[PDB]
Structures are given as C-alpha cells and as structure tokens.
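In PDB author numbering, the protein residues as written are -1 to 64, 68 to 257.
The C-beta atom is built at its ideal place from N, Cα and C for all residues, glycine as well.
One structure is given below, encoded as structure tokens.
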Ligand SMILES: Nc1ncnc2c1ncn2[C@@H]1O[C@H](COP(=O)(O)O)[C@@H](OP(=O)(O)O)[C@H]1O
Ligand SMILES: CC(C)NC[C@@H]1CCc2cc(CO)c([N+](=O)[O-])cc2N1
C-alpha cells in the first residue's frame, strides 16, 4: 500500500493485563508505526524517573469523575507521561484504559487475553511470585542489578490494584487473582463499544490487528514472540551472574 504520514499521538490503547502478550504487541506496534509504544519495559529500561510520576497519578486517581477540574489535572499528567508515544500497553497504563479513551478519543482499544491458568502461571514466574517462593529472591537480586527497588514494587502492586479496582489485594491468593483477571477482562468488553474494541488471543498474529488498524501486514516480518517466562528466567539469571544489564543486553535483541 501507499505510505502515509501518521500522527505521533496515542493511536492504540491496549487494556490487556501483563503476561498476555503485551511485549510482543509493543514490538508489533513499533514495527507498524515506527514510533515508540509504552510498556513496563519502557519504564524499566528507559524511564525509571517515570516511576514516581505514575505513583503520584495512581495516588490522585480516586478523585477521577467518570469532566471535572480534578479530573483534568490527572488527564494532563497522563498526556505528559505519554507524549511522543503512539500506543500504550501493560501496567501501569492498562488500568487507565477508560481515561485514555477520553483523552485520545480517536484511539482504538485492544484487549489481549489468554487461558487464565496459563496467565497465572506466567504471572507467578515473572511479575508476582508467591512470597514463599525461593525464586522471588532471585527476581529481587536481578531487579537490584537493574536499579529497581521498593518503589518499583509499590508501583507494580498499586497499578495492579488500580486495574482491578481493589483497595487491597491478597497477592499470594491464586483464586483472588484469577477472579480479578476474569472480571477485569469481562469489564473491558462491557465498557468499550465493540466497534472500538479488538480482542486478541495469544497467537492471533498480524492479521486481525492490521485489519483493525487499516495498515498493511509488515513485509517478511513474523509477528513478535518474545518475553516468555523461560526467557525472563534466563534474563534474571544472567543479570545475577554478570551484575549489569549492559554486559548482557546484546544477548536479548528483541526482548529489550
Ligand atoms: N506471538 C506469541 N504467541 C504465543 N505466545 C506469546 C506470543 N508473544 C508472547 N507470548 C507469550 O505472552 C507472555 C508474555 O506476555 P507479556 O509480554 O504481556 O508479559 C508469555 O507467556 P508465557 O510466560 O506463558 O510463556 C509469552 O510466551
Ligand atoms: C529480575 C527482573 C527480570 N525482574 C524484572 C521484571 C521483569 C519484567 C516485568 C514486567 C511487568 C509487566 O510487564 C511487571 N509488572 O507487572 O509491574 C514487572 C516486571 N519485573
């Protein structure tokens, strides 16, 4: 097809929870739009200074009215954080999908989903290990190497609570997490008009996404398949071994 000049503003809002193919989608959207897409990896690797800003936003967000003046101050902060990006995925953004829809009325919405038990397994291996899991200690050691500490974990927890609309949450309780997952995904599909929503199951690939976005399928490029828990386990172990990201970054070309 013809090449057109795309606007550098949020065009795609992905409401999918972590461990549902968000990093592959981030990569896919960057392949399509040639501009950056937000993801937790953008925070970890490029903008750790954004952590406190996301924290402050989540703190003030109860004050959001489904526009009031308190709402506008928050919406302005959201726009500031996302300036220069063409899409959002992953925590901490995903819980804000409804607000992002108001801020970017011409953006389309995605929902990434998968088998709930596969999701929980993946989540426990990477994002939210049980407190008694020895692996949690390795994750914390690798996080230290990346310069992530208690503030990062607070952002992860608070943004999960915000997405699930819980004031507190037993993170070690599998049943609680699975119920929140199902209710979260159900609410997105109830909230977003079907014409503005595309639901993507893990493995769906380029075709329905490119159709929804009115773009050609990228020539000769496979749909990304990155960020498996096995790959993150390798990353964690290599970070612990070398004590730096930059010593090993070349060994993870598309993941980071
Ligand atoms: N193109 C693809 N096809 C199938 N699974 C994919 C995929 N891209 C990513 N995934 C899976 O999506 C999960 C990562 O999601 P996210 O980037 O949101 O954290 C991983 O699940 P597993 O940990 O079960 O392997 C990864 O394997
Ligand atoms: C040892 C090192 C590999 N650990 C860092 C990890 C890996 C990637 C990651 C991804 C997400 C959501 O994509 C979240 N999250 O939900 O906040 C936390 C983390 N933390």
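In chain order, 49, 50 and 53 place their CB closer than 8 Å to the CB of residue 152, counting only its own chain and leaving out the 5 sequence neighbours on each side.
Excluding its 5 nearest sequence neighbours in each direction, residue 227 has C-beta neighbours in its own chain below 7 Å: 21, 22, 25, 255 and 256, listed in chain order.
The same chain holds no residue with a CB closer than 6 Å to that of residue 85 once the five nearest residues on each side in sequence are set aside. Along the length of the stretch 72 to 156, whole alpha helix (DSSP H) runs at least 4 residues long occupy 98 to 104, 117 to 127 and 136 to 146, reported in chain order.
About 5 Å separates the CB atoms of residue 56 and residue 159; that is less than 8 Å, so the two are in contact.
The beta carbon of residue 117 sits closer than 6 Å to the beta carbons of 179 and 182 from its chain, once the five residues preceding and following it are set aside; these are given in chain order.
Exclusion of residue 95 from the 7 Å shell around ligand 1 follows from its C-beta lying no nearer than that to any non-hydrogen atom of the ligand. Sorting 251, 88, 104 and 220 by C-alpha distance to the C-alpha of residue 6 places 88 at the top. In this structure, residue 140 has its CB closer than 7 Å to one or more heavy atoms of ligand 2. Nearest Cα to residue 188 within the set 37, 99, 63 and 78: 99.
Residue range 198 to 202 is occupied by the beta strand (DSSP E) that includes residue 201. Residue 109 counts as buried, since at least 16 other C-beta atoms from the protein chains shown sit within 10 angstroms of its C-beta. Here residue 30 carries a helix assignment [DSSP, helix/strand/coil]. In the DSSP secondary-structure assignment, residue 10 is bridged to 88 and 109.
With 16 or more other Cβ atoms from the protein chains shown falling within 10 Å of its own Cβ, residue 17 counts as buried. Apart from sequence neighbours up to five positions away, the residues of its chain that approach residue 222 with a beta-carbon distance below 7 Å are 29, ordered along the chain.
When the alpha-carbon of residue 225 is set against those of 197, 207, 215 and 126, the nearest one is in 207. Contact annotation: residue 112 and residue 186 have beta-carbon atoms nearer than 8 Å. Only residues of its own chain outside the window of five on either side were considered, and among them 17, 230 and 233 have a CB closer than 7 Å to the CB of residue 127, listed in chain order.
Here residue 70 is exposed, its C-beta having fewer than 16 other C-beta atoms within 10 Å. A distance below 8 Å between beta-carbons, with the five flanking residues on each side excluded, links residue 31 to the following residues of its chain, in chain order: 4, 9, 87 and 88. If the five residues before and after residue 114 are omitted, its C-beta is found closer than 8 Å to the C-beta atoms of 14, 18, 186, 200, 201, 202 and 203, all from its own chain and listed in chain order. Taking the Cβ atoms as the reference, residue 217 lies roughly 5 Å from residue -1, within the contact range of under 8 Å.
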